[PDB]
Amino acid sequence: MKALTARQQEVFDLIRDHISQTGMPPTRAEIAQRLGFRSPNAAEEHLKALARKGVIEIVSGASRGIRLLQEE
């Protein structure tokens, strides 16, 4: 249906893993630090590619604010 590339699928798996442990979605600092990104704008660009294909809503304003929608 809508296929995800390997490093954007690592960003999507950290969103599902923090909801399964805590209830809530992660910050853009947790996505850059826990997966291992040298520039935090590369973690933000893979998060934008997940919203542009159609799998998440980025709630722009809330720090822990990424709502899980679709995969397939």
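Residues numbered from 1 in each chain as written, not as in the entry; some residues may be left out. Heavy atoms only, no water.

This deposited entry lists solution NMR as its structure determination method.

Two side chains of opposite charge can pair, provided their charged atoms sit close to one another. Counted under the stated rule, the structure contains seven salt bridges. The shortest N-O distance in the salt bridge between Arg16 and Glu71 comes to 3.2 Å. With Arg16 in helix α1 (residues 6-22) and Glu71 in the segment after β2 (66-68), this pair connects stretches of sequence that are 55 residues apart. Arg16 gets classed as partly exposed once you look at its relative accessible area, which sits at 31%. For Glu71, a relative accessible area of 26% corresponds to the partly exposed category. A salt bridge links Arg34 to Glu30, with the nearest nitrogen and oxygen atoms 3.4 Å apart. Of this pair, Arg34 and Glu30 are both found in helix α2 (residues 28-35), four residues apart, which corresponds to roughly one turn of the helix. Put simply, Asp13, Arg16 and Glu71 are held in one network by salt bridges that share partners. (Salt bridge = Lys/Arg side-chain N within 4 Å of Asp/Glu carboxyl O. Helix = DSSP H or I, 4+ residues; strand = E, 2+ residues; numbered from the N terminus. Buried < 20%, exposed > 50% of the residue type's maximum accessible area, 1.4 Å probe, protein only.)

When α2 is considered as a whole, its buried residues turn out to be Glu30, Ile31 and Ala32. The secondary structure elements touched by the buried residues of α2 are α1, α3 (40-53) and β2. Looking one or two residues past α2, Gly36 carries a phi angle of roughly 90°, positive in sign. (Contact = heavy atoms within 4.5 Å.)

Between α2 and α3, the least distance of the axes is 9 Å, while the angle of their chain directions is 110°. Looking at the two axes, α2 sits roughly perpendicular to α3. When you trace α2 past α3, the crossing you get is right-handed. Judged by residue contacts, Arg28, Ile31 and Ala32 of α2 engage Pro40, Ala43 and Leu47 from α3. (Axes fitted to C-alpha atoms, helices over the stretch in contact; angles between N-to-C directions. Parallel < 35°, antiparallel > 145°, perpendicular 65-115°, else oblique. Left-handed = near helix turned anticlockwise from the far one by under 90°.)

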